[PDB]
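Residue numbers (the authors' numbering), protein chains in the order written: chain E, 4 to 217; chain s, 32 to 75; chain F, 7 to 438; chain G, 6 to 268. Think of the CB as a built atom: it goes at the ideal place given N, C-alpha and C, for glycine as much as any other residue. Reading through the structure tokens given below for one structure.
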Amino acid sequence: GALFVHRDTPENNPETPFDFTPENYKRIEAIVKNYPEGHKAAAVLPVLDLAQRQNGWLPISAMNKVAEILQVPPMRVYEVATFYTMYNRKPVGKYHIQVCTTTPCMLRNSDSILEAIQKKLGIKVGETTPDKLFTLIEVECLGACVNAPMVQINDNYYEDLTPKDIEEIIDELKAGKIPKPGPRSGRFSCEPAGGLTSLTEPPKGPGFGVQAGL
Amino acid sequence: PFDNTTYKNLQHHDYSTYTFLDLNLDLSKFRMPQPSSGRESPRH
Amino acid sequence: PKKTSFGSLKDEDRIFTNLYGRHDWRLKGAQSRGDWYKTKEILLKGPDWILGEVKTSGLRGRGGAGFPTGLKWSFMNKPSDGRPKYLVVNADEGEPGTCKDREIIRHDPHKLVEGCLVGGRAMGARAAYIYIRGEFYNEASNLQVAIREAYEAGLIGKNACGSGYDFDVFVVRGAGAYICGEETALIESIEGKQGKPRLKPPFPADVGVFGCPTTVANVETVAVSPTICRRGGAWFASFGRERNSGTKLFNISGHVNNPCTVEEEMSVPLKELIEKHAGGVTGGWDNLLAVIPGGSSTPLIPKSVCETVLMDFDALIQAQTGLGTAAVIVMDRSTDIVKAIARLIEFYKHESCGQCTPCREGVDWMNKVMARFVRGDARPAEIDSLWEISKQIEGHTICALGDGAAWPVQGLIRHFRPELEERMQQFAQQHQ
Amino acid sequence: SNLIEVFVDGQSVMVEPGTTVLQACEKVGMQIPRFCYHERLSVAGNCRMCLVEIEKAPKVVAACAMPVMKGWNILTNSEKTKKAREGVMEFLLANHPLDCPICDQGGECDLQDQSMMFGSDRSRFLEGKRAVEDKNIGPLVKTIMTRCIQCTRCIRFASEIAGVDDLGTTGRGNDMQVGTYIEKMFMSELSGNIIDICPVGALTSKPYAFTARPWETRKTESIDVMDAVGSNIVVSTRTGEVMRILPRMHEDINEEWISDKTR
Ligand SMILES: Cc1cc2nc3c(=O)[nH]c(=O)nc-3n(C[C@H](O)[C@H](O)[C@H](O)COP(=O)(O)O)c2cc1C
Ligand code: SF4
Ligand code: SF4
Ligand code: SF4
Ligand code: FES
Ligand code: FES
Ligand SMILES: [K+]
């Protein structure tokens, strides 16, 4: 669905205005100093992501800026942007709903969650609502398989969802508020629902089990 | 002293978009000086 | 004497004592739970002693390959030429079904950070780069906060723990590519390029990140190192069978009553693991169809094999599968097994880096064939064709992802061929 | 003195340290198949057509990139080596377009000729093929990129020899595409050389398009006079007409490249 060739358009072209704010230039200076001198190209992924956080997406002008700041050919920045899926090369809604659909989440009825969002928002997979508020896509495993059907909005994981719960998150996001992240089924973490089965005794303090030699 | 009914990891509820980089910037004062290959870039 | 049954690990022997975040993850909570204790003595003991403790410990990588950690970490225990030496901690957990590394980062961050220092001192490394996938934003922030506390306490940085050894810990975020979990694709991403794996040789221990010596260790493999050095290798080696020792983190997911992450002893029987910790299969153990022992990359096994199979590297190899990341994906008899594995092939088609021919063109090919087996729009002669196609990807690719796409298909054909041919017979009758 | 002894099909050959399996086989006159390896570009090891068996080794190694170790016996014609090539050739032709009659590379294609010698004789691909969009990189090089086999020769040449980092890979997996991403012309004085290194009809000569087939051209070896370098060329004629100019190898003058004016 996402083309990997850039054709200039009025809203996306080399003349589209982008430049890091003075605050971000200070952040870039700390990033570029995490790597050995003579390997500034190592900062493409962080800085290119920092551009997206400021701007919400990456226009062709944003990529060209990161290329000159780091002194790498612009093509080597285009390769990174097109390779990685967290970079948005087209505008997205301020709330990017990402529903995991890999098998462990699929076995626990992640199709119902997908249907719930499509009905509530009235959009199909890959579309943006006609208010620039929500964008919906399917994504691969997000690292929360032990949790029942889960989604990611921007930076937060909403886990153990049900068709009822996910609709509430959209409602809570719709008006003004940021829903609390995490499981929505009475759990707090990967813990087994129905009572813990391990780690039920006071943790042993410093110096326990230490061998004589050390 | 054995309270285990509370999720003691709630700081992340308030993290913002620039939280990660702000911590990275604050850590620049502790870093040891970086190594140098000997050139400004492989293309030099 | 040597044990005969395994499981029922005591909380007195669990390395990850805050696996559920029920206590304070910040510093002064980790210290109260045995972290950062007597670290200077371990560092001053010597790199040879630390490696000797990990070699005797029998620890093997928890990333999916299970190589002997002590043997691997010794490749960097060599004279230092002009180049620096780094340690890369692989926090890119992206294997479907795997969530163990996510919990270590967000609840026991100071165990990982201490493990970096202990692992670095063993390898004579100057700094540690922790590569954590970009979707773990909040977890990465927790790790970053913990690293700040360690620096302020003098635990890492200049004169770490008072040992006279300098060590920095950097956190680097990925940008959403499962392939960047590979040890050489992860290095390429750190260098600011596409996550495309290199060929070996050269190995990362001779030419790695920035072209310098490097070791890539999984989060779990590193977080356990400080405890091994404190409690010795004998204590850790006393668990599990021979050459499979230690305590492993399992992620029981799928069709179970209580999907959870739990720490359990190596060689624990799979039936005991599912029933005791996960509350059994949904609908009763007799409702079990198949299990993926170690995440998507490992082939599935049917019910007949799950009843007497132990969860360790060697036991699962005899069952024509692997331990992988110890993520258990359970499927009950209501599951569409063909569609369950077809979606796993579609996953690999979306994560293939495209570099090399057998996986750029083959895994996509296997996807199209599988999408026709779900519907039965094929003839039975194609099953053997799909078996050969998988064998042309396995071992002919640059990295192991190509093997990870072939193995799921092989398991399906191995243990569920009657379901494949029945599906095609149904379709043929209707469209006759 | 520092040479080490290896074996190619049992025949002993003395090679220097760091010599690859592909280069050891050259000394005995054996040419391993290849698509991505070029002796004047960096090693890539992505096409996987050079896989060869090493005796006692379960896993085939990439000849182009694998340094040869002392005492190894390279089996360039074993069943495992032959099956490895047929498997890679099968994948390489799966999505390839049936363009040979209308493709300017027909008759001198490294994909055709290594399919005849090292691949299988028939297809078992029952799906639909993949088609890709065509880039426009100038008035010299015509790009029909459905034929590209993602070998990255053009990427490494444009970068390491012409010193122009304008070509790269956009996308990922089976949708990985070689191109410029943006609309950019690849106009360097050595740009025309990506026509030669490209083993397929993805990159062809626009001035030369559709004018001849390789078997009917007569080859005359001559010298370029457009500059003072004296580059060695081959003049391709047909029925008394000059059809095109190709580079001719000379290690001491021009290697196997020529400038665009010469071409
Ligand atoms: C396609 C692919 C994805 C991988 N993803 C991970 C991962 O997310 N976390 C990890 O620790 N190892 C992963 N690995 C395994 C690494 O290649 C390597 O074995 C690991 O980083 C070494 O750590 P260890 O010493 O704990 O085994 C992956 C391998 C492949 C082929
Ligand atoms: S097997 Fe797939 S993911 Fe691995 S290097 Fe080859 S193309 Fe890339
Ligand atoms: S590149 Fe070769 S195989 Fe492909 S269409 Fe052209 S002549 Fe035929
Ligand atoms: S265009 Fe030709 S040279 Fe470039 S990657 Fe494709 S096949 Fe190789
Ligand atoms: S399969 Fe959805 S989080 Fe892993
Ligand atoms: S010639 Fe070796 S993989 Fe291409
Ligand atoms: K060509």
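9 Å Cβ cutoff, residue i in contact with chain E
i          : result
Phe-33(s)  : yes
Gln-65(s)  : yes
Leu-172(G) : yes
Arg-177(G) : yes
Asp-212(F) : no
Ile-136(F) : no
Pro-265(F) : yes
Backbone secondary structure at residue i - three-state DSSP
i          : result
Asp-174(F) : strand
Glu-141(E) : strand
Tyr-137(F) : strand
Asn-96(F)  : strand
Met-54(G)  : coil
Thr-331(F) : coil
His-9(E)   : coil
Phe-86(E)  : helix
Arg-66(F)  : strand
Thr-25(G)  : strand
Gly-15(G)  : coil
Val-183(G) : strand
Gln-101(E) : strand
Residue j beta carbon less than 9 Å from that of residue i
i          : j          : result
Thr-304(F) : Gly-328(F) : yes
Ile-162(F) : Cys-105(F) : no
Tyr-161(E) : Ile-169(E) : yes
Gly-180(F) : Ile-138(F) : yes
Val-274(F) : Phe-73(F)  : no
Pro-206(E) : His-356(F) : no
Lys-135(E) : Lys-97(E)  : yes
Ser-302(F) : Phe-353(F) : yes
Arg-152(G) : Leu-46(G)  : no
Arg-161(G) : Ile-404(F) : no
Closest Cα partner of residue i within the set the options
i          : options                                           : result
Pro-219(F) : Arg-381(F), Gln-435(F), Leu-15(F) and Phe-81(F)   : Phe-81(F)
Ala-214(G) : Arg-152(G), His-255(G) and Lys-147(G)             : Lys-147(G)
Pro-76(E)  : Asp-338(F), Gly-198(F) and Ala-321(F)             : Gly-198(F)
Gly-212(E) : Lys-44(F), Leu-33(F) and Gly-27(F)                : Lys-44(F)
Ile-153(F) : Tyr-49(s), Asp-57(s), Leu-41(s) and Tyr-46(s)     : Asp-57(s)
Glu-145(F) : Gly-130(F), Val-177(F) and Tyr-135(F)             : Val-177(F)
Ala-183(F) : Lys-43(E), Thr-200(E) and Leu-145(E)              : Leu-145(E)
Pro-152(E) : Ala-33(E), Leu-110(E) and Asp-52(E)               : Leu-110(E)
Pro-85(F)  : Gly-140(F), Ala-434(F), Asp-212(F) and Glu-313(F) : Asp-212(F)
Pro-265(F) : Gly-216(E), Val-102(E), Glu-194(E) and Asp-114(E) : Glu-194(E)
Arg-127(G) : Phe-96(G), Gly-173(G), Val-57(G) and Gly-112(G)   : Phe-96(G)
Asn-293(F) : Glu-18(F), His-283(F) and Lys-277(F)              : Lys-277(F)
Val-149(E) : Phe-191(E), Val-50(E), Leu-117(E) and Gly-179(E)  : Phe-191(E)
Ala-333(F) : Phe-256(F), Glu-141(F) and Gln-436(F)             : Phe-256(F)
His-99(E)  : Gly-59(E), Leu-6(E) and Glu-204(E)                : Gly-59(E)
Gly-100(F) : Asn-157(E), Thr-105(E) and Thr-19(E)              : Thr-105(E)
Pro-73(s)  : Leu-73(E), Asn-37(E) and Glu-32(E)                : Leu-73(E)
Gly-76(G)  : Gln-36(G), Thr-209(G), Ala-49(G) and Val-18(G)    : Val-18(G)
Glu-188(G) : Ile-173(E), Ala-119(E) and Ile-63(E)              : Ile-63(E)
9 Å Cβ cutoff, residue i in contact with chain s
i          : result
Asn-148(F) : yes
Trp-241(F) : no
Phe-319(F) : no
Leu-53(E)  : yes
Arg-112(F) : yes
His-99(E)  : no
CB contact check: residue i to chain F, cutoff 9 Å
i          : result
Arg-70(s)  : no
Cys-159(G) : no
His-42(E)  : yes
C-beta neighbour in chain G for residue i, strict 9 Å
i          : result
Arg-429(F) : no
Q: Quick one: which unbroken alpha helix (DSSP H) runs of 4-plus residues sit fully inside the segment 177-212 of chain F? Chain order, please.
A: 189-196
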